[PDB]
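Encoded as structure tokens, the structure appears first; notes follow it.
Methodologically, a virtual Cβ is constructed for each residue, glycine included, from the backbone with ideal geometry; neighbour enumeration extends over all protein chains shown. Since every read-out is calculated from the coordinates, none of them should be taken as a lab result.
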Amino acid sequence: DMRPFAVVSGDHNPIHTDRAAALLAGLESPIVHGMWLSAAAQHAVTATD
Amino acid sequence: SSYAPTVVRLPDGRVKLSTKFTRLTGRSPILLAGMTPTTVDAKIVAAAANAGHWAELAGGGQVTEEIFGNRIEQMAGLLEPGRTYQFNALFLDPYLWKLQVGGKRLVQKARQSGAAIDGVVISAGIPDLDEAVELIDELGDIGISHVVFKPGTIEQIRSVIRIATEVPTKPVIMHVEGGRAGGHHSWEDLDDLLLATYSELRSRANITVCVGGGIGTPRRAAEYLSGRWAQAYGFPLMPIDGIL
Amino acid sequence: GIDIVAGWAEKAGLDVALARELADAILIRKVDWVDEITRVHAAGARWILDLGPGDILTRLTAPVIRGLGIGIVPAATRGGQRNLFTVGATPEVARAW
Amino acid sequence: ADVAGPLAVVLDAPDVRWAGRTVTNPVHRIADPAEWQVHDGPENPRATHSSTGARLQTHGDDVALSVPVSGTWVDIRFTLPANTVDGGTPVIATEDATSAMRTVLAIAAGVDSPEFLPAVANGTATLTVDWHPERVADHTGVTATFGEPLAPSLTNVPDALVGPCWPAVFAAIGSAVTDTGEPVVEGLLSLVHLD
Amino acid sequence: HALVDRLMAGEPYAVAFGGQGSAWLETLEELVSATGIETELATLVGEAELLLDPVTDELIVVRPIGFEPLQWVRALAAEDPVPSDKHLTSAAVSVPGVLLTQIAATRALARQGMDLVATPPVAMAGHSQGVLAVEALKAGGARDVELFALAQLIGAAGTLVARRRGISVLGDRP
């Protein structure tokens with residue numbers, strides 16, 4: 001579920017969360033935020049071991 | 001006898017014909033087939049589409065990207081808003097098929113960009129079951145909704161029947177063309193094909209049969225569309241859904 | 001976090017005083033287990049039941065009731081319920097020191 | 001083959017005109033084959049979808065498809081010219097697309113479209129927001145979820161100031177314009193993050 | 001039930017409530033499968049959800065899944081995939097889960113024939129978290145919904161604040 005990222009980040013675009021809007025946009029299922037991927041890659045590159 | 005055409009009245013008082021092809025597509029049962037020499041230009045196809053008829057843009061004249069784009073542009077220019085046209089693609093010609101459908105998805109890209117293409121006709125032979133099914137789902141995914149196969153001989157029609165059987169939900173449209181058709185030549189008579197195949201054709205409920213080849217004066221089309229053509233061979237009425 | 005719980009309680013439809021007090025008890029103040037067990041014993045509890053998940057309290061309380069003659073039997077467990085509800089099988093309590 | 005009127009025309013049509021562009025029918029896009037039950041009690045036909053809660057109310061000689069997105073409803077209006085009688089696709093006029101996409105933008109950014117998204121100045125849209133560095137911690141709690149050996153860096157990751165500025169970017173998108181053309185209303189539903 | 005017979009006839013006894021880090025899901029699933037308190041627990045969870053409807057936006061931040069314990073026990077009994085151990089150990093889902101398991105244990109023992117109000121236990125033994133179960137049992141079963149609600153609230157707030165500070169678990173080291 002990507003609602004937690006939607007609320008913490010601030011963009012509530014329904015394509016990432018809603019199913020009806022995902023169907024309207026032409027997608028079979030909702031897709032994750034790309035900026036989630038951006039932040040995850042940033043944390044991976046700045047992770048400490 | 002249940003397949004006989006029905007007459008309906010439009011809201012503006014006009015009187016039309018109702019065969020299952022017209023019910024599937026919402027257009028007149030009279031089809032303007034794709035034409036390698038003639039229907040390449042957008043004038044005739046656009047004028048046929050604006051009249052409310054199944055209009056085909058032949059892919060044998062769109063041989064490079066530039067003319068394809070220019071033809072799409074002038075097609076959008078000519079068509080009044082709300083009108084849609086179809087496309088004819090050659091399957092056994094490798095270069096054109098790859099340029100338009102297979103390799104470069106020029107038809108797919110044009111439809112995605114917003115072209116009024118609402119159908120694709122797979123001419124010059126039929127594909128095998130696997131890639132034909134992949135074509136059906138892919139073209140449905142991009143939003144075409146009308147994939148048409150035109151078989152030439154009995155075995156080709158039976159393979160199209162098998163393709164329709166493999167996908168019982170999606171509707172298919174057939175363009176069975178006889179031997180007297182122009183351009184490239186087939187040595188099979190339309191009546192023989194229809195006699196041999198009509199039973200299996202009407203067995204499946206998602207098959208729309210359009211026949212062509214030898215249809216000259218509109219009297220022949222009228223007598224063919226009502227199933228009265230089978231009376232000559234000593235058969236019951238064998239109605240069809242449209243002629244090209 | 002106590003004021004966060006208080007704000008969520010006030011925004012919701014339940015009281016805040018008990019909310020703040022439970023939050024303080026479960027988040028801030030140190031818990032003491034030995035003195036709690038001694039208070040339980042001073043109350044006279046001959047047997048103690050652990051209704052919590054698993055038996056972590058069973059293995060965590062046995063060293064504290066080790067020599068007080070207080071019996072232990074697990075709850076929310078197959079073996080504990082079997083010990084509790086069968087006549088012929090009850091856990092043995094060692095002699096008080 | 002069980003209903004008539006504009007409702008049947010909208011339901012059956014597979015293609016529509018979305019601001020000078022032929023796209024798949026949104027009612028078809030939600031659920032294509034005859035998945036919409038009909039009701040004709042007081043003789044105002046309407047079609048609803050179960051798994052999505054969509055509706056197909058009719059305003060006399062008009063058809064509107066309403067979809068519950070998140071709490072609120074998006075209304076798209078179908079205009080039916082005389083062309084649609086024989087093979088003509090329904091036309092979704094540009095202003096109906098404006099209304100629907102502005103509601104979707106309000107959903108994605110704030111509360112409501114009218115004067116709640118940040119206003120746009122001569123060229124720019126400005127916002128003033130409060131900042132708390134612990135929101136960075138609660139953001140990386142849901143973002144950084146790798147395995148055991150790694151740990152989030154002690155410094156704030158650059159993808160943290162992007163949080164409060166989302167309404168401004170959505171307002172800028174809403175007020176964006178091409179060379180004599182606005183990309184806020186035609187394809188906001190098809191909008192995606194490129195880079 | 002000789003021990004239960006003695007306790008009913010009168011033997012000074014107490015009840016202890018478990019704490020943190022006990023793997024509540026397995027014991028709760030075993031209890032629900034052996035007894036069948038799924039209806040009452042489902043009603044309790046539904047009432048708790050209805051009680052804290054306004055705070056869903058802030059509360060969803062700390063639970064990736066959403067704390068549907070009944071679905072999880074139903075899946076586990078059916079040998080279906082279950083939430084990961086990290087997603088179950090999390091406080092926002094743990095501290096409500098262990099309390100639900102404790103309440104289920106009390107109800108199961110009450111159904112089995114061990115009534116805790118006919119013979120009130122002499123002492124209320126509450127461990128690190130059990131204080132909330134002690135509060136639930138100190139009164140009747142008429143405040144369980146409210147305490148479940150703020151158990152969810154305090155679990156979510158504890159996870160949130162521990163992430164705000166460095167008190168949360170970094171890697172393997174808890």
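List the extent of the Cα atoms of the stretch A:1-44 along each of their three principal axes, largest first, rounded to whole Å.
Here the spans come out as 33, 17, 14 Å, largest first.
Taking the Cβ of each residue in B:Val15, D:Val9 as the centre, tally the other Cβ atoms inside 10 Å and list the residues starting with the fewest. Don't skip to the end; give the middle numbers.
Numbers: B:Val15 8, D:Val9 19.
Taking fewest neighbouring Cβ atoms as first place, the list is B:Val15, D:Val9.
Near D:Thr79, within a Cβ-to-Cβ distance under 13 Å, what is the net charge of the other residues, with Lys and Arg +1 and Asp and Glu -1?
Numbers: positive: D:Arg17, D:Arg77; negative: D:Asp61, D:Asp62, D:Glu95, D:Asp96.
The answer is -2.
Quick check: the angle from helix A:34-45's long axis to the longest principal axis of chain A, C-alpha only, nearest 10 degrees?
It is inclined by approximately 10 degrees.
For D:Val129, project a label point 7 Å along Cα to C-beta. Then give me every residue of the stretch E:44-58 with its amide nitrogen under 20 Å of that point.
Only E:57-58 fall inside the zone, counting backbone N under 20 Å.
Could you derive backbone 3J(HN,Hα) for the stretch E:85-90 from the dihedral phi with the Karplus parameters 6.51, -1.76 and 1.60 (θ = phi - 60°), listing whole Hz in sequence and x where the residue is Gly or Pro?
After applying 6.51 cos²θ - 1.76 cosθ + 1.60, I find 4, 5, 6, 9, 6, 3 Hz.
With angles folded into 0 to 90 degrees, how steeply does helix B:154-166 sit against the dominant principal axis of chain B? Use alpha carbons for both and round to 10.
Helix B:154-166 sits at roughly 70 degrees to that axis.
Projected onto the charge dipole of chain B (+1 at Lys/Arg Cβ, -1 at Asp/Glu Cβ, origin at the Cα centre), which of B:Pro11, B:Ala221, B:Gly103 gives the Cα projection farthest towards the positive end?
The listed residue farthest towards the positive side: B:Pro11.
Provide the per-residue ³J(HN,Hα) series for the stretch E:38-49, in order, calculated from phi with Karplus coefficients 6.51, -1.76, 1.60 and θ = phi - 60°, each as a whole number of Hz, with x at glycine and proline positions.
5, 5, 5, 5, 5, 5, 4, 5, x, 5, 4, 4
With r as the distance between the Cβ atoms of D:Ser66 and D:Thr94 and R0 = 25 Å, compute the FRET efficiency 1/(1 + (r/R0)^6) and round to 0.05. Intermediate results must be reported in sequence, preceding the final value.
Working: r = 19 Å, r/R0 = 0.77.
After rounding, the FRET efficiency stands at 0.85.
Within a 10 angstrom radius of each residue's Cβ in D:10-18, how many Cβ atoms of other chains show up on average? Whole number is fine.
Numbers: counts 0, 0, 3, 1, 9, 9, 1, 6, 1.
Taking all residues of D:10-18 together, the mean is 3.
Over what distance in Å are the Cα centres of the stretch E:21-61 and the stretch E:67-81 separated?
Between the Cα centre of the stretch E:21-61 and that of the stretch E:67-81, the gap is 11 Å.
Give or take rounding to whole Å, what are the principal axis extents of the alpha carbon atoms in the stretch D:96-187, in descending order?
Here the Cα extents, ordered largest to smallest, are 53, 27, 26 Å.
How far apart, in nm, are two points set 7 Å out from the Cα along the Cα-to-Cβ line at B:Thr153 and at D:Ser190?
4.4 nm
Report the full-extension gain for the segment E:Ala42 to E:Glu26: residue separation times 0.36 nm, less the Cα-Cα distance, to one decimal in nm.
On the way: separation 16, 0.36 × 16 = 5.76 nm, distance 1.74 nm.
Value of the extension gain: 4.0 nm.
Using +1 on the beta carbon of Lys and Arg, -1 on that of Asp and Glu, and nothing else charged, what's the dipole of the stretch E:71-123 about the Cα centre, debye to 20?
Details: 4 positive and 4 negative charges, 26 e Å.
It works out to roughly 120 debye.
Under a crude label model (7 Å from the Cα following the beta-carbon direction), how far is B:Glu200 from C:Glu92 in nanometres?
8.5 nm
Hey, can you grab everything whose amide H is under 5 Å from the amide H of B:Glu188? Only 5+ residues off in sequence or another chain; H modelled, so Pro and N-termini drop out.
B:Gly179
For D:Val142, B:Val7, E:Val169, what ranking results if the residue with the fewest other Cβ atoms within 10 Å of its Cβ goes first?
Neighbour counts put them in this order, fewest first: B:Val7, E:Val169, D:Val142.
Taking 7 Å along the Cα-to-C-beta vector as the label spot, tell me the C:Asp15-D:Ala176 distance in nanometres, rounded to one decimal.
Distance between the two pseudo-spin positions: 5.4 nm.
Distance from the Cα centre of the stretch B:83-149 to that of the stretch D:117-194, in angstrom?
40 Å
Per residue, how big is the convex hull around the C-alpha atoms of chain B? Give it to me in cubic angstrom, could you? Can you show the working numbers first?
Values: hull volume 31.0 nm³, N = 244.
Normalising the Cα hull of chain B by residue number yields 127 Å³.
Residues with amide H under 5 Å of B:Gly213's amide H, sequence separation 5 or more or different chain, H placed in the peptide plane at 1.01 Å from N; which?
Result for B:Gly213 returns B:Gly178.
List, in the order given, every pair from B:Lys16/B:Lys109; B:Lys43/B:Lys170; B:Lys104/B:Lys150; B:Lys109/B:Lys170; B:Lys20/B:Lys150 whose Cα-Cα distance in the structure shown is over 26 Å. Let's see the in-between values first.
Values: B:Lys16/B:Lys109 35 Å; B:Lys43/B:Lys170 32 Å; B:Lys104/B:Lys150 23 Å; B:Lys109/B:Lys170 22 Å; B:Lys20/B:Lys150 18 Å.
Correct reply: B:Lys16/B:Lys109; B:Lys43/B:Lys170.
Averaged over all directions, how much area does the convex hull of the C-alpha atoms of the protein assembly as shown cover when projected, in nm²? Each step should come with its number before you reach the end.
Numbers: hull surface 178.3 nm².
Taking the Cα atoms of the protein assembly as shown, their convex hull projects to 44.6 nm² on average.
Please arrange E:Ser90, D:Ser70 by how many other C-beta atoms lie within 10 Å of their C-beta, fewest to most.
Numbers: E:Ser90 24, D:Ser70 14.
Least to most surrounded, the residues fall as D:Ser70, E:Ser90.
Quick one: net charge of D:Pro164's neighbours, Cβ under 10 Å, K/R +1, D/E -1? Let's see the in-between values first.
Numbers: positive: D:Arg135; negative: D:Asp130.
It works out to a net charge of 0.
I'd like the Karplus ³J(HN,Hα) series for the stretch E:111-119: coefficients 6.51, -1.76, 1.60, θ = phi - 60°, whole numbers in Hz, and an x wherever there's a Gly or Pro.
Listing the rounded values in order: 5, 5, x, 9, 8, 9, 10, 5, 10 Hz.
May I ask for the net charge around B:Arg162, where only other residues with Cβ less than 12 Å from the Cβ of B:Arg162 are counted and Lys, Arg are +1 while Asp, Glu are -1? Please list the in-between numbers first.
On the way: positive: B:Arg158, B:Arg204; negative: B:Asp128, B:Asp130, B:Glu155, B:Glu166, B:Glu200.
Result for the neighbourhood of B:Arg162: -3.
If one computes the Cα centroid of the stretch C:1-39 and of the stretch E:146-169, what distance in Å separates the two points?
11 Å
How would you order E:150-163, B:23-36, E:52-65 from highest to lowest mean count of nearby Cβ atoms within 10 Å? Write out the running numbers ahead of the final one.
Details: E:150-163: 24.6, B:23-36: 21.3, E:52-65: 17.4.
Top of the packing list down: E:150-163, B:23-36, E:52-65.
Give me the inter-chain shielding for B:112-119: mean count of other chain Cβ atoms within 10 Å, whole number please.
3
Efficiency by 1/(1 + (r/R0)^6): what FRET value for D:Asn44 and B:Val8, r their Cβ-Cβ distance, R0 = 30 Å, to the nearest 0.05?
Details: r = 24 Å, r/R0 = 0.80.
Efficiency for this residue pair is about 0.80.
Using only Cα atoms, find the angle between the long axis of helix E:24-35 and the longest principal axis of chain E, and express it within 0 to 90 degrees, rounded to the nearest 10.
The angle comes out at about 40 degrees.
Taking each residue in D:85-93, count the Cβ atoms of any other chain within 10 Å of its Cβ, then average. What number comes out? Mind dumping the intermediate values first?
On the way: counts 7, 12, 15, 8, 7, 1, 2, 0, 0.
Partner Cβ neighbours, averaged per residue: 6.
Please report, in Å, the Rg and the Dmax of the stretch E:1-153, where both are computed over Cα atoms only.
That works out to 16.0, 51 Å for Rg and Dmax.
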